[PDB]
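Accompanying notes for the structure given below.
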Amino acid sequence: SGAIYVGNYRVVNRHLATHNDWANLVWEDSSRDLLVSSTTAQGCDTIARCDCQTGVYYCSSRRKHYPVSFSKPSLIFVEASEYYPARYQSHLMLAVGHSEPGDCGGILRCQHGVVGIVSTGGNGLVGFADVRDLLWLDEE
Ligand SMILES: NC(=O)[C@H]1CCC(=O)N(Cc2cccc3[nH]ccc23)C1
Ligand SMILES: [Zn+2]
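Going by the deposited numbering, the first residue of the sequence shown is number 7, and it counts up by one from there.
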């Protein structure tokens, strides 16, 4: 689990969104595994606006923050899971590292702010859904 709180927005994995998130929906994309909902209180996270390929992510299944190098956001085939059939997921970045399903929502951060959240894993890889292209998260 995990979310990003920026301005009056909440960003979560689409597969973990609550009834309140869907009732207060701003934008969602199944192919990205992302959902953004509105909030009443202001958040404190800052979204990175950059092309960094190194950062640190939180892995709940190790209680550890790991420094990683990661690939640029791309269209990647993701095997079937409890929440989606086998499909291509867009805006996905991979790194060599540990990830289990309940690690989804863990933040990946660089020197500029939040880059994305854990979304995929297995086979010694970890995948992150990028949020740096969602520029509207910085306004209104
Ligand atoms: N974005 C997706 O398609 C998600 C949907 C929910 C989900 O359980 N997975 C599998 C997964 C995620 C993270 C870590 C993992 N380790 C092994 C499997 C695995 C994929
Ligand atoms: Zn950066």
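From the three backbone atoms N, C-alpha and C, an ideal C-beta is built for every residue, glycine too.
- Message: Checking 8 Å against the spacing of the C-beta atoms, do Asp109 and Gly127 come in under that value?
- Response: yes
- Message: Could you give the first and the last residue of the continuous alpha helix (DSSP H) run that contains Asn26?
- Response: 25-29
- Residues that DSSP places opposite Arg69 in a beta bridge: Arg69 is not bridged to any residue.
- Item | Member of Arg38, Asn14, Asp27, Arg20 whose CA lies at the smallest distance from the CA of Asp139 | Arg38
- For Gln59, the nearest candidate out of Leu131, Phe76, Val17 (CA to CA): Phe76
- Report yes if the C-beta of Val84 is less than 7 Å from at least one heavy atom of ligand 1; otherwise report no. yes
- Item | Contact set for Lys78: own chain, Cβ-Cβ below 8 Å, skip 5 residues either direction | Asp57, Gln59, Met99
- Task: Go ahead and pull the three-state DSSP assignment for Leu81.
- Result: strand
- Message: Quick check: the stretch 16-27 against the stretch 42-56, are at least 3 beta-carbon pairs closer than 8 Å?
- Response: yes
- Query: Any residues whose CB sits closer than 6 Å to a heavy atom of ligand 1? List them in chain order?
  - Reply: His21, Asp39, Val84, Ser87, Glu88, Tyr89, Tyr90, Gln95, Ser105, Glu106, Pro107, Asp109, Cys110, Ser125, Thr126, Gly127, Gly128
- Item | Residue range of the unbroken beta strand (DSSP E) whose run includes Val137 | Segment: none, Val137 is in no beta strand (DSSP E) and carries neither H nor E.
- Item | Residue(s) in a DSSP beta bridge with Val120 | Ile53, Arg115
- Message: Shorter than 7 Å, the distance from the beta carbon of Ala54 to the closest heavy atom of ligand 2, or not?
- Response: yes
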